[PDB]
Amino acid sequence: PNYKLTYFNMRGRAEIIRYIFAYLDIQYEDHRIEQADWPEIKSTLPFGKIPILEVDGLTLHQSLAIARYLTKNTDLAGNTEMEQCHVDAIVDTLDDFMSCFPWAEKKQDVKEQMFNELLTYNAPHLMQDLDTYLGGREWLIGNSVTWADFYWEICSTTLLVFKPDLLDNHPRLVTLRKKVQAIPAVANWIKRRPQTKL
């Protein structure tokens, strides 16, 4: 199909889709919009949010809904139905926490207090639970890489921007980040993608 991804010029909520396309070697148009044209383009979107994915004229929304759609019947999905549940659950746990950050907060002092509270109180508990969940296993779920592993690498890359010491006591989680980054198609994407803060 002819795939057109629309999002801002940042990794953000589109990046999981971008990793999946890369990993599956699927051609798409990676459309990045100007904040210039955002207020205007906003009115054309189904629920006023991005990313959207256009597939032969049809519009899809919600990044994780799109991610799951693209990974169905692929080796990134989860091998059993129970495994697919665990993939979904880990993804939503990650996404719940990333959504707690007030990314569009205008008041800077309020923003900085909230980011710091989340990073110094809530983040370490989540890192602890993920690490224990992972155990000595090579990937988060099952025998092989799933898109939950991609999403771990994606979310923690952004977290590491604001809290560089986040994983000091979690070498097994650092090892997983490096495993995802070592996948040839992912490594290729990471070297070629636009370099943005977020």
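Here the rigid core means the biggest group of C-alpha atoms that line up within 1.5 Å when the two forms are laid on top of each other. Heads up: residue numbers just count along the shown sequence, starting at 1.
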Please tell me which region, 92-100 or 108-116, has C-alphas lying farther from the displayed form on average in 7 other deposited structures of this protein, with superposition done on the core.
108-116
Comparing average C-alpha B factors as deposited, tell me which of 47-55 and 63-71 sits higher.
47-55
State which stretch shows the higher mean Cα B factor in the entry: 166-174 or 28-36.
28-36
If I read the C-alpha B-factors straight from the PDB entry, which of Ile41, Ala148, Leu130, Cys155 is highest?
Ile41
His125 CA temperature factor, ranked by third within the chain
middle
For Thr93, the third of its chain into which the C-alpha B factor falls
lowest
